[PDB]
Amino acid sequence: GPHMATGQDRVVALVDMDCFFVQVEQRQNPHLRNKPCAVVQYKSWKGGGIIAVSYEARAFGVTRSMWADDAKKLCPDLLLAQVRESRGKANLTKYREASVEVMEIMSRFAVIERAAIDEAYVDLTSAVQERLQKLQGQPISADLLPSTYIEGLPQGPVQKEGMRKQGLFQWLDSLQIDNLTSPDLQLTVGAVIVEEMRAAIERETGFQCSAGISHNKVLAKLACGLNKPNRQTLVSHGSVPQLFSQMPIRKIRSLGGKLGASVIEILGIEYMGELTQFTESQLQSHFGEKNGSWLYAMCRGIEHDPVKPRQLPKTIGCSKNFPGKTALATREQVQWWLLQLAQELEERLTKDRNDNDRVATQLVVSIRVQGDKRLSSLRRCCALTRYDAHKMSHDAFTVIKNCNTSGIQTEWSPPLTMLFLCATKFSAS
DNA sequence: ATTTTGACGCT
DNA sequence: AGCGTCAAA
Ligand SMILES: [Ca+2]
Ligand SMILES: [Mg+2]
Ligand SMILES: [Mg+2]
């Protein structure tokens, strides 16, 4: 009752760019705008692998991971843009730079946590308080929320936009605008701010995005996906029981893999809401102390993970796969590709040092051997003392050379199916 | 023969 | 330290 926390103490948003790499390419090439199109890496093998897909193309069934040749069977007029290749490998610089554009705009509004190349969490609690003080009891107009959905509404006693407006009207009609401590009002002001933030992103970059607004990161992330693209969704604390009552467990962030499968298998449930019937101790007994407490609160819509103040990636990495017959089988091959990776890494590190006043101090080398299901077969670290590609490639070879079983120095066995260099452990400079 | 990435947890 | 999990385009 009066002491039961309800996880309504924060306003958190998650902003996620729509079909991000596709929008980057469509901004650059107006011929691709408003078309079924996809972004692909490589082209020799089956037309290249698709990594991003416009919503027009998704209507034909085109998805990520599809070979372009196969996507063309579903969508013969599909347009394609290719990821840049440099030093023999795909190079994602254009998308990293577009990401910086968006992150820098979002940072003007509030502290953000960079969650991926195209998404960030926003802690809006303080901004909401400020805006509520500015508003001075003034009601919030639907015109301030032109792309907002209120999850769960409309309810009670045939076009998409009509339903959105009906739900928003029910919500705003029911709000108590004089209570500055009302969580629902705080979320609503949050959504007003997010409309402003999304408008700024689109104005200043050309890119559209979706967003979720709720009381914590997990619900904000879930909310964001409910009405893509180019829309935002408010998930209130009160919407949680109905929302979770038919929500597959795997849809909640962190439960899409083995742990989620085990929750389903061990407990014999399917939906997030069903978790409420277990005690905290029961959940801890199956999934561990940390996961158990997290599940117990999360299934009630409560999560405390903070929006971390971090706009920049914590690592800078470069990797290449060598699938099937292309696996690296000679020492020379391994050294040449380590050099290519190290040259890209050097370029990115030097730019990072100039832009962000920091230097990486550890180099992580990872390889995969043909026959291993795991992404990485072996990982070794060494000191990163100079931004020099020849030194980094030599040091990586030094730390992995003993993995070569082959009695012949010139041959590498078992062949390598992946090389990965990652700069970590940044210090101020 | 998806590939190329991050962030963080466990021991 | 080195390995595993989960998530992005
Ligand atoms: Ca996205
Ligand atoms: Mg994303
Ligand atoms: Mg996606």
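Lettering of chains follows the sequences in order, A, B, ..., and the numbering in each one begins at 1. Every number for a ligand or one of its atoms is a count from 1 in the order of the listing.
Between A/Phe207 and A/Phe20, the two ring planes are perpendicular [angle over 60°; tilted spans 30° to 60°].
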Pair up each side-chain donor or acceptor in residues 264-274 of chain A with any protein partner under 3.5 Å, not counting sequence neighbours, and list the distances.
{"unit_1": "A/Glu274", "atom_1": "OE2", "unit_2": "A/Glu270", "atom_2": "N", "d": "2.8"}
{"unit_1": "A/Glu274", "atom_1": "OE2", "unit_2": "A/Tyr271", "atom_2": "N", "d": "2.9"}

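To the nearest 10 degrees, the Ca ion (ligand 1) sees OD2 of A/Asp16 and O of A/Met17 at an angle of 80°.
Of the candidates A/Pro229, A/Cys209, A/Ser210, A/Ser99, A/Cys209 is the only one forming a side-chain contact (heavy atoms from CB on, under 4.5 Å) with A/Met17. Screening A/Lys314, A/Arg358, A/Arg96 for a salt bridge (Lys or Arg N to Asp or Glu O under 4.0 Å) involving A/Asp352 leaves a single residue, A/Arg358.
If you take CG on A/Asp305 and OH on A/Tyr121, they are separated by 8.5 Å, rounding to the nearest 0.5 Å.
Residues A/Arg33 and A/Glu25 are not paired through a salt bridge, judged by the lack of any N-O separation under 4.0 Å between the basic side chain and the carboxylate.
Contact of the A/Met103 side chain with the A/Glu119 side chain is not registered, since no non-hydrogen atoms from C-beta on lie closer than 4.5 Å.
Around the Mg ion (ligand 2), protein N, O or S atoms at a distance under 2.8 Å total 3; waters are neither shown nor counted.
Checked against the Ca ion (ligand 1), the N, O or S atom of A/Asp118 at the shortest distance is OD2.
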